[PDB]
Amino acid sequence: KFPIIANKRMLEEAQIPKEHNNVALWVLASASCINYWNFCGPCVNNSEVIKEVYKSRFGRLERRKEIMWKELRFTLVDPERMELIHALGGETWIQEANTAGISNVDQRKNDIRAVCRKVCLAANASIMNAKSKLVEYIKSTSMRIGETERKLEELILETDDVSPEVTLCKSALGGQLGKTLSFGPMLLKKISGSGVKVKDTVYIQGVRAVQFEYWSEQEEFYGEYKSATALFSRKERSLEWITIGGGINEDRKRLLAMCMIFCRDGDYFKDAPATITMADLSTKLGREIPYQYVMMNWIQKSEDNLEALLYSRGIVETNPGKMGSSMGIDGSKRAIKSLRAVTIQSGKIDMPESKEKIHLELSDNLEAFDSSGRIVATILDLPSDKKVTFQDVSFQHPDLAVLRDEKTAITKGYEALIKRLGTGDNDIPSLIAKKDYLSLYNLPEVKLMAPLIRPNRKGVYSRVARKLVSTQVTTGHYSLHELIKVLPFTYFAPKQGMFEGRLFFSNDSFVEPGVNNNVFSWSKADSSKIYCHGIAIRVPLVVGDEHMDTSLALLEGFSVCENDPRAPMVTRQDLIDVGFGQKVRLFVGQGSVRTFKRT
Amino acid sequence: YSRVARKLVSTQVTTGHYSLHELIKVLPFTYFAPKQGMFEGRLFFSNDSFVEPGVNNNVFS
Amino acid sequence: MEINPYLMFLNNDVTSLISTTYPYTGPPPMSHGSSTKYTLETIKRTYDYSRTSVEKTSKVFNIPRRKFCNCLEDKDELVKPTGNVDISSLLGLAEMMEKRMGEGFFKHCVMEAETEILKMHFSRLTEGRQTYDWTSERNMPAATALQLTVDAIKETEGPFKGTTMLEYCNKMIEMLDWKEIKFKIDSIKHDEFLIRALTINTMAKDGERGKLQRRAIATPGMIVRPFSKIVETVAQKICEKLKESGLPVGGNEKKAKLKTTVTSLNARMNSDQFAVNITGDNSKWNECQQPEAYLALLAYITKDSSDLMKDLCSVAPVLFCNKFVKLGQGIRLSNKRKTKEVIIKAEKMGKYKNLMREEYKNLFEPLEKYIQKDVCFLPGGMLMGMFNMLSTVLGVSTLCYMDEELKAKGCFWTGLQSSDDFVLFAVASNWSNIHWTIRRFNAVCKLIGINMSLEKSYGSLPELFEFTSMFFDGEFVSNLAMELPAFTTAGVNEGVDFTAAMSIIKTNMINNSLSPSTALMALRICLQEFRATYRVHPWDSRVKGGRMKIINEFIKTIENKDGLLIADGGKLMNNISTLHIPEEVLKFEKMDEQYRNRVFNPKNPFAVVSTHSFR
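Residues numbered from 1 in each chain as written, not as in the entry; some residues may be left out. Chains lettered and ligands numbered in written order. Part of a larger assembly, values for the part shown. Heavy atoms only, no water.

Its PDB record names the entry "Influenza C virus polymerase in complex with chicken ANP32A - Subclass 1". UniProt lists a comment for chain C under the heading Catalytic activity, and it reads "RNA(n) + a ribonucleoside 5'-triphosphate = RNA(n+1) + diphosphate". Taken verbatim from the UniProt record of chain C, the Subunit comment is "Influenza RNA polymerase is composed of three subunits: PB1, PB2 and PA. Interacts (via N-terminus) with PA (via C-terminus). Interacts (via C-terminus) with PB2 (via N-terminus); this interaction is essential for transcription initiation." (UniProt positions renumbered as here; feature names shortened; annotations may be inferred.)

The name the PDB entry gives chain A is Polymerase basic protein 2, with Influenza C virus as the organism. Of chain A, the UniProt comment under Subunit reads exactly: "Influenza RNA polymerase is composed of three subunits: PB1, PB2 and PA. Interacts (via N-terminus) with PB1 (via C-terminus). Interacts with nucleoprotein NP (via N-terminus). Interacts with host ANP32A (via C-terminus); this interaction promotes viral RNA synthesis." The annotation that UniProt attaches to chain A under Sequence similarities is "Belongs to the influenza viruses PB2 family."

Here's what the structure looks like:
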């Protein structure tokens, strides 16, 4: 009851009465005594002393406040910070938050490569105007790159960063290349040998057939996948030998599979899996796809496909003296059993460099060709479309961005509703003072916002909204906020049904009167503002009382009244069977209860 | 309410398959004139006390 | 339709889903008790794992003394546990380890432990899980029994003015020879006080993850406490320099040790050789550790050092060579219909042995010899969770073995060992010599009582092994040691419990046992636990509690609701990047100056020192 001990003179000198409001508080004492002491008690000024004594903690807080938070990224492994290393970088993720150092170049590289990917994808919407739409997008895209407002017609050239998108977009500019290749996300390069194209067939389901191409001669290459080097030689649709330099379990598997596809080694180039027969669609919406990229995509779906591909490659038992340089199905460095024609080692294979620049030729499918075919890049080797917010950018030509969503549609509808006020005749306040609400049910803006409404039960929403509107207009007691909130629904014939307390749009979102929400919120002491997803909007007018009267914006045929606990709690349905002079409590929100009375 | 009550009564009386414990309950509402509206399912008096036609409650069991 | 919540283990790993196999951390509702029958079974299995039959009546009690050390017999069926130790091999392994690390290694460590002890205050002994009072004959925290002991010393032969560990120990020694001792009031003689000091009680508490095998965790008194602390300090100073010692700390450092070991292995073993792993699990790590071998080892250690430490380190061992064990609650009787039920203590079970059942009888007669009044004169074993550092040192000694018989075959081993769990890494160039190496290792381990389980110890190829719930793999090292606080059991203060929980969560995140979203959920859970504990809620809530009536009445006089304290209708403002920062430091500049000064008023009747304490 009074476990907490205390002092006596310290209590009386503060004049702490027991049972202040039936709370004893107490030598011994309760805990509520602390609340009574900190809410109504003596006042000191010892802030400076506290800060000085707890200087270490408050300096830590200051340092924390002295941070410039940066982005984060999911990845792996190939003092003042120790206080926060727990929140700075784990093992699967990491945040690049910095303290004092600034250098904006690699972020600029990421931005430029992302936007290049974006634009090159956008150009994949026709069959004939590929290069034209591409170049026009480029010329219509400017950026505040770093600190300089530059255009995207010179950065692609001035930059030196190999990539499928950089190359795919620069070839159209007759720009210089570096003899590098891109088969999917992997990076390849030629070392020696040469050959010519040759065609072959492959079955699907055991009946159909499809043609692919390859090379028949010997040729050596240099593969390089994330955290993994390699070297190998392809000969007649099959992989002869291969060696890997830098070891990571996951990377070695994907790199090996990609090099195998590049060599088309394996039986799945004779027949196909039973999963492909489910589709047999080596085609886009309206375009064609080779077999290699189909196989790759089939790999990306699940690692079981990768394991199957690797089993297709012969597996054998390792012999002595080779464990140190053997491999396993899961990339294991050494194992009693390994795969045929493999060699693991340590140290990344030093990559060669080609100092011979060239220019390629784009095709209908934007595929570039330097000579003897030997595709260097394409859209097929790109990721799927990934929406990302772009800043410091200007994109003027159509297809720049859809920039059309239900959220933005609603935002614009509400902006139009707000501007319509216009502090003039033939606008909201004139109709209010005139008590002509019917015209409100015919404005253009509500007609533009109507399509955003849930169609199945729009009649009841319109009924309720018209009820509220008329009841707030006729009497003259109203609140512009809730009105504008519900107006978009006062545009279809009213009908009978069951209402619950929320008005749903077509995007599954909703709005509710007498409450606030992310889509629409407002509050007093800032009534000149209306938040929309946090976007504060302004009112072309000023009001101090036009909103203060919300007694009719909560329910339809009721009005708020003084609080009364005796009144019984109810729901929205039984309301119909109430009478007059009969108060009722009811929830108006989350843990928000209010009393109401008919009329 | 009056409408509904009269309805039930006719339905029970025309055939002969009635339950005397329901007429004695709903009759007090048949005095007035029918009208149109949505019947939620309960019949309220002027004192916030209702009776339901078919299930027993504190007011009529 | 059917269900099988294991099919997700087919197309996925195990390091990602293994956590779903064990329940969430917390107090075990099993109520693992410490009954008399369990204790007697333990004592029996102890005396049995001793494969000898020799004895020697003492002179201080007139009682036999099963001397199970350096007297191995009953070689048959030796795969089962053993406790008979060989001193020669033990000292040989110690010598190997010394040679490896260095000559003046043990000396440096013992010197460090000494100097650390010198400036130590005996008051440290107040920091302990629990003990057993030798006056009230119960279990309590260390501070209570310490006060009891000091006030008894005061009442009997004046106060203890040492204020240091060494004077405390010498006072205990002297008290061993006192004939009469007093305490609040009653006194006792020499023999009874000796016994009480050498008494032990079985505690039921066993709280941890993994396995709660600590049914009868020991609970010693206070006399032996400081010497045990000294020995543990030395063993710790030793385990730090050892690479294969994951006991003193865990997590980041533990993973570092793992990967260092693995990489050194990969860079050492020749191309022809191929490695393997074993998931060892030592069984009966408490019923096969003998304090006599520990004594000989400590002697060999301090051989070249101050005789002070030589004698000091030789205290706790002998105190454990003679340790009376308090038998739990005695058996009960009953008639057929069970309408009547008699209750008897342990000391008198030897008086009604003719009635108890056989299984309970055959487990009681052979031990009646060693009983004195109600306890059993256990001359060895090691039940407490003590000397864990020392046992770990012995294990590391086991792993640092190497000879020429192996070298000739081109094989060796290495690994890591916790208290009673280890991981081995064998090396060879044939699928058979591996078996020979494993058998050699098991033999050298059994020579000194360290056994191994067969139904709980497995193996596999190099990539996949498990250690202290940290299921290691080629990658994706997954931990499972997620700890949590508990307010109801430990209500230290309102102010300090939330900050402590935040620090705990931060730590768990460091050890990678927790992730951002998981940490946030745990935080929002601990906040609610705290509130419900101290019966506090925010102001927005429509609560009617006793603190809440006054808090709701005094809410309208302030605007900085954000600055309010959680203990006073407050709301949270801390997050992941603000854990080390207490909420107070985070709301100081925000609290309405009135409330601020009203809280930080040192002129009140009572981590940032608040006006929120529960003395």
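Trainee: Can you help me understand the overall build of chain A in this one?
Mentor: A tally of regular secondary structure across chain A gives 18 helices and 24 strands. In terms of overall dimensions, chain A is more spread out than a globule: its C-alpha atoms have a radius of gyration of 36 Å, far above the 25 Å expected for 599 residues. Counting only C-alpha atoms and orienting by the principal axes, one finds that chain A spans roughly 95 × 75 × 50 Å. Here chain A holds 599 residues, and 43% of them are scored as buried. Surface accessibility of chain A: about 32300 Å² in total, with carbon and sulfur atoms responsible for 55%. When the 83 basic and 75 acidic side-chain charges of chain A are each reduced to a single mean position, those positions are 3 Å apart. (Helix = DSSP H or I, 4+ residues; strand = E, 2+ residues; numbered from the N terminus. Rg over C-alpha atoms; globule rule 2.2 N^0.38 Å. Buried < 20%, exposed > 50% of the residue type's maximum accessible area, 1.4 Å probe, protein only. Areas by Shrake-Rupley, 256 points an atom, 1.4 Å probe, with all protein chains shown as cover. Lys, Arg positive; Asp, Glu negative; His and termini not counted. Charge placed at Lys NZ, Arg CZ, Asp CG, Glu CD.)

Trainee: I keep staring at a negative patch on the surface and nothing clicks. Help me out?
Mentor: The grouping of A:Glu250, A:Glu303, A:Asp304 and A:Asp330 at the surface amounts to a negative patch. Within the secondary structure, A:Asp304 sits in helix α13 (residues 303-312). (Patch = residues over 30% accessible without salt bridge, like charges linked within 9 Å, V, L, I, M, F, W, Y side chains within 5 Å. Salt bridge = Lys/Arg side-chain N within 4 Å of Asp/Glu carboxyl O.)

Trainee: Is there a simple way to think about the interface of chain B and chain A in this case?
Mentor: The accessible area lost on association of the parts is a frequent measure of interface size. With five residues of chain B at the interface, the matching set in chain A holds five residues. Buried area between chain B and chain A, both sides added, is near 520 Å², and the carbon and sulfur share of it is 43%. Summed over the three residues of chain B that lose the most area to chain A, namely B:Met38, B:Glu40 and B:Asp48, the buried surface amounts to 69% of that side. Between the two partners, chain B and chain A, sit zero salt bridges. Where chain B packs against chain A, one counts three residue pairs in polar contact. Residues of the side of chain B that touches chain A, tallied by class, amount to two nonpolar, no polar and three charged. (Contact = heavy atoms within 4.5 Å. Buried area = accessible area lost by both parts, 1.4 Å probe. Polar contact = N/O pair within 3.5 Å; in protein donor to acceptor, adjacent residues only side chain to side chain. Nonpolar A, V, L, I, M, F, W, Y, C, P; charged D, E, K, R; others polar.)

Trainee: How should I be thinking about the sheet that holds strand β7 (residues 323-326) of chain C in this particular structure?
Mentor: Within a sheet, neighbouring strands are paired by backbone hydrogen bonds and run either parallel or antiparallel to one another. All names here are of chain C. Pairing within the open sheet is mixed, and its three strands lie in the order β5-β7-β8. Edge positions in the sheet fall to β5 (199-200) and β8 (375-378), since each has one partner strand and no second. Direction of pairing for β5 relative to β7: parallel, over a ladder of two bridges. Across the sheet, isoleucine 200 pairs through a bridge with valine 325, a residue of β7. (Pairing = 2+ DSSP bridges.)

Trainee: What am I meant to see in the nonpolar core here?
Mentor: In globular proteins that are soluble, nonpolar side chains generally tend to be buried together. Residue and element names in this part refer to chain C. Core analysis: the largest hydrophobic core is formed by 68 residues, its most contacted members being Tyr168, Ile238, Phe320 and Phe387. The dominant element in this core, judged by the number of residues it contributes, is helix α7 (residues 225-241), at seven residues. Apart from the residues within four sequence positions on either side, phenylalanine 387 is in contact with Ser228, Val231, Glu232, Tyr294, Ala316, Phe320 and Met382. (Core = buried A, V, L, I, M, F, W, Y, C linked by side-chain atoms within 4.5 Å.)

Trainee: Any chance you could explain the packing of α7(C) against helix α14 (residues 388-399) of chain C here in plain terms?
Mentor: Helix-helix packing: each pair is described by the crossing angle between the helix axes and the interaxial distance. Residues and elements named next belong to chain C. For the pair α7 and α14, the least separation of the axes is 8 Å and the interaxial angle reads 40°. It follows from the interaxial angle that α7 and α14 lie oblique. Like other packed secondary-structure pairs, α7 and α14 cross with a definite hand, here left-handed. Here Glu232, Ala235, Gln236, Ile238 and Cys239 of α7 come into contact with α14, specifically with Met389, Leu390, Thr392 and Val393. (Axes fitted to C-alpha atoms, helices over the stretch in contact; angles between N-to-C directions. Parallel < 35°, antiparallel > 145°, perpendicular 65-115°, else oblique. Left-handed = near helix turned anticlockwise from the far one by under 90°.)

Trainee: Any chance you could explain the sheet that holds strand β24 (residues 592-598) of chain A here in plain terms?
Mentor: All names here are of chain A. Within the open sheet, the three strands sit side by side as β22-β24-β23. Their pairing is antiparallel. Among the strands making up the open sheet, the edge pair consists of β22 (558-560) and β23 (584-589). When strand polarity is set aside, the average angle formed by the axes of neighbouring strands in this sheet is 50°.

Trainee: How should I be thinking about a nonpolar patch on the surface in this particular structure?
Mentor: On the surface, a nonpolar cluster with roughly 310 Å² of combined accessible area is contributed by A:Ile336, C:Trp431 and C:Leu461. On the secondary structure map, C:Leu461 appears in the loop between β11 (458-460) and β12 (465-467).

Trainee: Explanation requested: unusual backbone geometry in the structure shown.
Mentor: Backbone geometry follows two general trends: most residues other than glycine have a negative phi, and most peptide bonds adopt the trans configuration. Residue and element names in this part refer to chain A. Of note in this structure, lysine 179 is not a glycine but carries a positive phi near 65°. Among the structural elements, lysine 179 can be located in the loop between α9 (164-170) and β7 (190-193). Even without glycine at this site, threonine 423 takes up a positive phi of about 50°. Structurally, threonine 423 can be placed in the loop between α14 (406-420) and α15 (428-434). Accessibility expressed as a relative area gives 57% for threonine 423, which makes it exposed.

Trainee: Can you help me understand helix α1 (residues 2-15) of chain B in this one?
Mentor: In an α-helix, one turn spans 3.6 residues, which is why side chains three or four residues apart end up on the same side. Residues and elements named next belong to chain B. Over its 14 residues, α1 runs 21 Å from end to end, which matches the ideal 20 Å to within 8%, given 1.5 Å per residue. Buried-residue contacts for α1 involve α2 (20-26). Backbone geometry just after α1 places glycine 16 at a positive phi near 130°. (Expected span 1.5 Å × (residues − 1).)

Trainee: Looking at this model, I keep getting lost on the state of the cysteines. Mind explaining?
Mentor: A covalent bond between the sulfur atoms of two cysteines is what we call a disulfide. Residue and element names in this part refer to chain C. For the coordinates displayed, the defined rule picks out zero disulfides over all chains. Unpaired in this structure, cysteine 71 has its nearest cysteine sulfur neighbour in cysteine 69, at a distance of 7.4 Å. With a relative accessible area of 16%, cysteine 71 lands in the buried category. (Disulfide = S-S within 2.5 Å.)

Trainee: Is there a simple way to explain helix α17 (residues 494-510) of chain C in this structure?
Mentor: The end-to-end C-alpha distance of α17(C), which contains 17 residues, comes to 26 Å, matching closely the 24 Å that a straight helix rising 1.5 Å per residue would cover. For α17(C), the full list of buried residues reads C:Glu494, C:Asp497, C:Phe498, C:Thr499, C:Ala501, C:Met502, C:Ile505, C:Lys506, C:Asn508 and C:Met509. Contacts from the buried residues of α17(C) go to α5 (85-88) of chain A together with α18 (516-534), α19 (546-553) and α20 (583-587) of chain C. Residue C:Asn512 follows α17(C) closely and has a positive phi angle near 70°.

Trainee: What should I look at first to understand the domain arrangement of chain A in this one?
Mentor: Residues and elements named next belong to chain A. Taken domain by domain, chain A holds domain 1 (102-179), domain 2 (180-347), domain 3 (402-545) and domain 4 (546-599). The straight-line distance from the C-alpha centre of domain 3 to that of domain 4 is 22 Å. In this assembly, 23 residues from domain 3 lie in contact with 15 residues from domain 4. A buried area of about 1800 Å², summed over both sides, lies between domain 3 and domain 4, and 57% of it is on carbon and sulfur atoms. On the domain 3 side of the interface with domain 4, the three residues burying the most area are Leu468, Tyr478 and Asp545, jointly 24% of the side's total. There are zero salt bridges connecting domain 3 and domain 4. Counting the contacts that link domain 3 with domain 4 gives seven residue pairs in polar contact. If one sorts the elements of the side of domain 3 that touches domain 4 by residue count, helix α17 (residues 458-475) sits on top with five residues. Grouping the constituent residues of the side of domain 3 that touches domain 4 by class yields eight nonpolar, nine polar and six charged. (Domains from an automatic or database assignment.)

Trainee: Teacher, can you tell me more about the packing of aromatic side chains here?
Mentor: The geometry of an aromatic ring pair comes down to the distance between the two centres and the angle between the two planes. Following the criterion strictly, the structure yields 48 aromatic pairs over all chains and no others. Consider the rings of C:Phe425 and C:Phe465, whose centres lie 5.3 Å apart with planes at 80°: the pair is edge-to-face. Remark: C:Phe465 occurs in strand β12 and C:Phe425 occurs in strand β10 (residues 422-428); sequence separation between them is 40 residues. Residue C:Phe425 is classed as buried on the basis of its relative accessible area of 8%. Within the aromatic cluster, the residues linked to one another by ring pairs are A:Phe183, A:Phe221, A:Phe232, A:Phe262 and A:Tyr293. Against the face of A:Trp26 rests A:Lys18, its NZ or CZ located 3.8 Å from the ring centre. The ring of A:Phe58 carries the charged tip of A:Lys51 above its face, separated from the ring centre by 3.5 Å. (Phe/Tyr/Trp six-rings, centres within 6.5 Å; stacked < 30°, edge-to-face > 60°. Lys NZ or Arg CZ within 6 Å of the ring centre and 35° of its normal.)

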